[PDB]
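Next up: just one chain, as structure tokens, the form deposited in one PDB entry.
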């Protein structure tokens, strides 16, 4: 009667395996897999850029000045030109004239229309454009509004245009643009507001098409008077949700954005916050709500937004996405123009040699030979691996039983 005593054994041994590794299933371990390669074909990213100057001086009208003057620090509360003005002679003669409101009747004013009309024009700024040896044009850039005003995005992959690809590493297969930033068109800076800049140049952001730009926070600089090489590597990160990980379980709860991204989450919060506090949304914000007026910008929106990003850590909680596309970047610089090319460029664009030196830049954004890296969280222990692992010690005791049945 020890045939049952050995039956207690195969019952004992089994469950005392079967618990253990089946506890290990519930630790929910993840392993993170890495691979770094060159892709036969690689999807070129979206390239968004902004001029550091918000409004072209030549495009600012009397009505514009009247509404938006204080905001840009060209006027005081008195609708007058402050004595603090740093302006040279000729620009004041122009501005004083522009600023003369005697028998002037104000027309309606829209912040968006202002940005749109007076913002720098890709058609003026873009001297040359190539992608992969195909010539490209201003119509290859989609307009996108940012905190910087009117900005442009190359290969935005929206409005049903397909995303551009590249099969080869190096400058020749990437994007090369030449720009004139038009300092002569820069608004004079007589004071410090969120709408003013000490700097000349552009801001750029390289991002996946599924991720909107936050170009003031996450962008990078490109200076005039240089050719700037940006050598990239695309890195694709995948995360697991709970139980295995932290990443967003329910993705894109907004109708604002087709996909979930941290930037998307932030713009949502920024928008809501500005709507609650100011009753309006800024020009670059999504949604359905009145665009803030210049005064709203100044007395409510600018302050509320500044406060929200820098000071406030309570209001916006953004969970990490399950999918992130990062671009490694290497920047380098050579001078433009050379003494030898200066006159040729001056002649060609009908500008002074010095103007070229201040206003002209060339930007090359391309991929290095190994363009593609993946870092992916995978489940280390799953049930099926579990089935196979604990399958043996049961596959005995069941048949051990199957003999001894009565």
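Positions refer to the first chain, counted from 1. Under this definition, the rigid core comprises the largest set of C-alpha atoms superposing within 1.5 Å between the forms.
In the other compared entries of this protein that model both flanking residues, residue 254 lacks coordinates in at least a third of them. When the mean C-alpha temperature factors of 58 to 66 and 45 to 53 are read from the deposited coordinates, 58 to 66 comes out higher.
When the C-alpha B-factors of 333 to 341 and 371 to 379 are averaged, 371 to 379 comes out higher. Of the residues listed, 231, 277, 96, 135, the entry assigns the biggest Cα temperature factor to 96. Of the candidates 130, 327, 115, 256, the one whose C-alpha carries the top B factor in the deposited record is 256. When all modelled residues of the chain are sorted by CA temperature factor, residue 203 is found within the lowest third. Among the modelled residues of its chain, residue 101 has a C-alpha B-factor that falls in the highest third, as given in the PDB entry.
Annotation for residue 284: CA B-factor lies in the middle third of the chain's modelled residues. Annotation for residue 76: CA B-factor lies in the highest third of the chain's modelled residues. Among the modelled residues of its chain, residue 28 has a C-alpha B-factor that falls in the highest third, as given in the PDB entry.
Separately, the form solved in complex with a small molecule exists; it is not shown, and the next lines address it.
Proximity of residue 165 to the small molecule in the entry with it bound: non-hydrogen atoms within 4.5 Å are absent; the residue sits far from the partner. Residue contact with the small molecule in the entry with it bound: residue 297 places a heavy atom within 4.5 Å of it. At the 4.5 Å threshold, heavy atoms of residue 55 reach the small molecule in the entry with it bound. The small molecule in the entry with it bound is not approached by residue 273, whose heavy atoms all lie more than 4.5 angstroms from it. For the residues 336, 118, 72, 267, the 4.5 Å heavy atom test against the small molecule in the entry with it bound is passed only by 72. Of the listed positions (207, 98, 203, 284), a single one reaches within 4.5 angstroms of the small molecule by any non-hydrogen atom in the entry with it bound, namely 284. No residue in the set 50, 144 and 230 has a non-hydrogen atom no more than 4.5 Å from the small molecule in the entry with it bound. Contact annotation: the small molecule lies within 4.5 Å of heavy atoms from the stretch 107 to 115 in the entry with it bound, the single such stretch among 169 to 177, 86 to 94, 107 to 115, 213 to 221. In the core-aligned comparison between this form and the one not shown, the C-alpha of 193 is the only one from 158, 96, 193, 235 that shifts by 2 Å or more. Core-superposed comparison between this form and the one not shown: the CA of residue 225 stays below a 2 Å shift. Relative to the superposed core, residue 302 undergoes a Cα shift of 2 Å or more between this form and the one not shown. The rigid-core alignment places the CA of residue 372 less than 2 Å apart between this form and the one not shown.
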